[PDB]
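Written below as structure tokens is the structure these notes are about.
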Amino acid sequence: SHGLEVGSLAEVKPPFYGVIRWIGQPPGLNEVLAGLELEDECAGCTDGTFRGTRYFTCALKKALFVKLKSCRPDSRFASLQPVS
Numbered sequence: 878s879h880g881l882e883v884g885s886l887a888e889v890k891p892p893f894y895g896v897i898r899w900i901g902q903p904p905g906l907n908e909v910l911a912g913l914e915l916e917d918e919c920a921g922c923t924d925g926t927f928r929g930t931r932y933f934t935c936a937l938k939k940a941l942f943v944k945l946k947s948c949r950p951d952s953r954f955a956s957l958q959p960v961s
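Shown next, in the form of structure tokens:
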């Protein structure tokens, strides 16, 4: 959504911020998910696994899986203009 890819800085509007580490469609779902690596550990978060299956690897308790169509480029950085 909006040309998000792995490595993109994303936002899921209290907005959450994470870097997309994985995009795909787990078995059982009919929608594409983004697996986000968040900056800090979070309660309902894994180390890159979703419903038991591993999709990427990150530090303990930093992986959050959401619907890709719920993601937007991280607005904190979207307005950043370059040097001249």
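Every position in the sequence shown, counted from 1, becomes a number in this note's numbering once 877 is added. Note that beta-carbon positions come from the ideal geometry of N, C-alpha and C, so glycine has one too.
- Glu916 and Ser956 have their C-alpha atoms roughly 21 Å apart.
- Take the alpha-carbon of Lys946 and the one of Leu910: they are about 8 Å apart.
- In this structure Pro959 is not in contact with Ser885, their Cβ atoms being roughly 18 Å apart against a cut-off of 8 Å.
- Non-local C-beta neighbours of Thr926 in its own chain, meaning closer than 8 Å and more than five positions away in sequence, comprise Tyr932 and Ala940, ordered along the chain.
- Following the DSSP letters along the chain, one finds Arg898 inside the beta strand (DSSP E) bounded by residues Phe893 to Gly901.
- Collapsing the DSSP output to three states places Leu913 in a strand.
- Inclusion of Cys948 and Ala887 in the CB contact set at 8 Å is warranted, their separation being smaller than that value.
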